[PDB]
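**Student:** Have a look at the structure that comes next, please.
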Ligand SMILES: NC(=O)c1ccc(Nc2nccc(Nc3cccc(C(F)(F)F)c3)n2)cc1
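In the deposited numbering, the protein residues as written are 125 to 388.
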């Protein structure tokens with residue numbers, strides 16, 4: 125509904141990142157409004173032929189509105205790069221939260237998973253699978269709530285896509301890694317992995333090699349440290365089913381006794 129320009133902003137502190145662009149804290153000059161400016165170089169994009177995933181990323185996040193789904197405001201682009209005007213999440217990533225504490229207690233773990241479910245429950249309702257729920261794509265709002273960002277690798281569902289893969293499978297279901305066709309259940313496997321990683325402090329399928337992990341994932345080989353309670357073990361075991369149709373619906377997850385017992 126309106127076109128901006130790099131001149132309308134005052135870039136600030138580097139929030140971070142790598143490859144195509146660095147996300148900056150920026151300031152809309154007219155309203156003094158705070159936000160994050162994600163800078164992507166065309167040379168990076170073009171050469172990797174991502175044009176469509178950025179057009180997809182920018183189009184979906186372009187509408188979705190949820191408390192837990194980081195907002196995309198619009199964009200613009202000069203000679204050598206494209207800019208994405210994003211919402212700014214005050215508390216950073218959930219990834220640093222985890223490095224910071226090592227592991228989370230059943231309360232945040234129960235909360236993020238809930239917020240995450242309500243978050244996914246929304247995109248699913250619009251046949252939009254995320255397919256990329258790693259803690260690195262999870263941010264925190266000023267109140268500390270989870271906010272799903274980066275809808276790049278996102279697509280509609282059901283889908284068959286096999287896209288030369290990101291480096292890590294750690295968060296992908298047996299169906300996506302095996303190149304096979306998949307649907308919305310793909311985000312439920314991820315939610316299970318993301319839950320385990322929160323409590324144990326490491327992903328359920330972590331290995332040393334790409335091939336080692338792929339083996340561990342496809343045979344769904346995961347064990348529990350002693351401190352993980354039956355309550356969580358249970359939930360994580362219902363999500364980590366090799367066969368998509370056996371994973372729960374997001375209501376059953378928001379209902380799980382363990383989630384209700386510790387979600388604030
Ligand atoms: N290290 C801090 O103190 C810190 C980090 C991030 C933020 N907030 C924020 N909001 C929105 C976008 C964004 N970029 C960003 C950073 C890393 C990864 C990603 C990714 F795109 F991968 F999700 C985006 N970062 C605030 C403080």
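Note that beta-carbon positions come from the ideal geometry of N, C-alpha and C, so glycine has one too.
Which residue wins for smallest C-alpha separation from residue 133, given the options 357, 286, 154 and 288?
**Tutor:** Here the question's residue 133 lines up with position 9 in the chain shown. Of 357, 286, 154 and 288, the residue nearest in Cα terms is 154.
**Student:** Helix, strand or coil for residue 186, going by three-state DSSP, please let me know.
**Tutor:** Within the chain shown, residue 186 is the residue found at index 62, counting from 1. In the three-state reduction of the DSSP assignment, residue 186 falls in the coil class, being assigned neither a helical nor a strand state.
**Student:** Identify whether residue 361 lies in helix, strand or coil by the three-state DSSP scheme.
**Tutor:** Position 237 of the chain shown holds residue 361. If DSSP states are grouped into helix, strand and coil, residue 361 belongs with the helices.
**Student:** In its own chain, which residues sit with a C-beta less than 8 Å from the C-beta of residue 147, not counting the 5 before and 5 after it?
**Tutor:** Position 23 of the chain shown, counting from 1, holds the residue named residue 147. Only 138, 139, 140, 141, 160, 161, 162, 163 and 210 meet the Cβ criterion.
**Student:** So the candidates are 165, 256, 248 and 311; which of them puts its Cα closest to the Cα of residue 204?
**Tutor:** In the chain shown, counting from the first residue as 1, residue 204 sits at position 80. Residue 204 has its Cα closest to that of 165, out of 165, 256, 248 and 311.
**Student:** Looking only at C-alpha atoms, which of 351, 263, 368 and 325 sits nearest to residue 305?
**Tutor:** Working through the chain shown from its first residue, we reach residue 305 at position 181. Checking every option, the nearest Cα to that of residue 305 belongs to 368.
**Student:** Kindly identify the DSSP beta-bridge partner or partners of residue 279.
**Tutor:** Counting from one through the chain shown, the residue named residue 279 turns up at place 155. The partner list for residue 279 (beta bridge, DSSP) reads 253.
**Student:** Considering only heavy atoms of ligand 1, does any lie closer than 6 Å to the CB of residue 212?
**Tutor:** Here residue 212 refers to the residue found at position 88 when the chain shown is read from its first residue. Yes, the beta carbon of residue 212 sits closer than 6 Å to at least one heavy atom of ligand 1.
**Student:** Report back the beta-carbon spacing between residue 194 and residue 267 to the nearest angstrom; my notes put them in contact at under 8 Å.
**Tutor:** Locating residue 194 in the chain shown gives position 70, where the first residue counts as 1. Locating residue 267 in the chain shown gives position 143, where the first residue counts as 1. Rounded, the Cβ-Cβ distance is 14 Å, inconsistent with contact.
**Student:** Could you work out which residue in 338, 308 and 291 is closest to residue 241 when comparing CA atoms only?
**Tutor:** As a working mapping, residue 241 is identified with position 117 in the chain shown. Closest option to residue 241, Cα to Cα, is 308.
**Student:** Count the other CB atoms within 10 Å of the CB of residue 319; is the residue buried (16 or more) or exposed (fewer)?
**Tutor:** The residue you call residue 319 lines up with position 195 of the chain shown. Label assigned to residue 319: buried.
**Student:** Pull up the distance between the alpha-carbon of residue 156 and that of residue 265, whole angstroms please.
**Tutor:** Sequence index remark: in the chain shown, residue 156 carries index 32 (1-based). Sequence index remark: in the chain shown, residue 265 carries index 141 (1-based). Note on geometry: alpha-carbon atoms of residue 156 and residue 265 lie some 19 Å from one another.
**Student:** I think residue 314 touches residue 334, with their Cβ atoms under 8 Å apart; what is that distance to the nearest whole Å?
**Tutor:** Stepping through the chain shown from its first residue, residue 314 is reached at position 190. Stepping through the chain shown from its first residue, residue 334 is reached at position 210. About 18 Å; that fails the 8 Å criterion.
**Student:** Would you say the beta carbon of residue 141 comes nearer than 6 Å to a heavy atom of ligand 3?
**Tutor:** In terms of ligand content, the structure shown lacks ligand 3 and carries ligand 1 instead.
**Student:** Measure how close the beta-carbons of residue 181 and residue 291 come, nearest whole angstrom, since I'm counting them as under 8 Å.
**Tutor:** Counting from 1 along the chain shown, the entry for residue 181 is found at position 57. Counting from 1 along the chain shown, the entry for residue 291 is found at position 167. Their Cβ separation, rounded to whole angstroms, is 19 Å, which puts residue 181 and residue 291 out of contact at 8 Å.
**Student:** Beta strand (DSSP E) containing residue 331: first to last residue?
**Tutor:** Indexing the chain shown from 1 puts residue 331 at position 207. It is not in any beta strand (DSSP E) - residue 331 carries neither H nor E in the DSSP assignment.
**Student:** Looking only at DSSP bridge pairs, what is residue 217 linked to?
**Tutor:** Stepping through the chain shown from its first residue, residue 217 is reached at position 93. In the DSSP output, where bridge partners are listed per residue, residue 217 has 263.
**Student:** Can you say whether residue 347 is buried or exposed, counting buried as having 16 or more other CB atoms within 10 angstroms of its CB?
**Tutor:** Walking along the chain shown from the start, residue 347 turns up at place 223. Burial call: exposed.
**Student:** Can you name the residues that DSSP bridges to residue 148?
**Tutor:** Numbered from 1 along the chain shown, position 24 holds the residue referred to as residue 148. According to DSSP, residue 148 bridges with 138 and 161.
**Student:** Quick one: give me the first and last residue of the alpha helix (DSSP H) that residue 166 is part of.
**Tutor:** The residue labelled residue 166 in the question sits at position 42 within the chain shown. From DSSP, the alpha helix (DSSP H) with residue 166 extends over 166-172.
**Student:** Whose C-beta lies closer than 6 Å to the C-beta of residue 342 among residues of the same chain, with five residues either side of it excluded?
**Tutor:** Counted from its first residue, the chain shown places residue 342 at position 218. Once the five neighbours on either side are set aside, the close Cβ partners of residue 342 are 298.
**Student:** Spatial neighbours of residue 329 within its chain, please: C-beta separation below 8 Å, excluding the five flanking residues on both sides.
**Tutor:** The residue you call residue 329 lines up with position 205 of the chain shown. Cβ within range, chain order: 293, 294, 317, 337, 340, 341, 345 and 346.
**Student:** Who pairs with residue 394 in a beta bridge, going by DSSP?
**Tutor:** Nothing can be reported for residue 394: it is not among the residues displayed for the chain, which extend from 125 to 388.
**Student:** Kindly examine ligand 1 and report whether one of its heavy atoms sits closer than 6 Å to the Cβ of residue 152.
**Tutor:** If you number the chain shown from 1, residue 152 lands on position 28. Outside the cutoff, so no.
**Student:** Taking the beta carbon of residue 233 as the centre, do at least 16 other beta carbons fall within 10 Å, making it buried, or is it exposed?
**Tutor:** What you label residue 233 is simply residue 109 of the chain shown in a count that begins at 1. Looking at its Cβ environment, which holds 16 or more other Cβ atoms inside 10 Å, residue 233 is buried.
**Student:** Short check: CB of residue 199 to CB of residue 207, under 7 Å?
**Tutor:** Counting from one through the chain shown, the residue named residue 199 turns up at place 75. Counting from one through the chain shown, the residue named residue 207 turns up at place 83. Contact: yes.
**Student:** Which class does residue 293 belong to by DSSP, given the choice of helix, strand or coil?
**Tutor:** By one-based count along the chain shown, residue 293 stands at place 169. DSSP places residue 293 in coil when its eight states are reduced to three.
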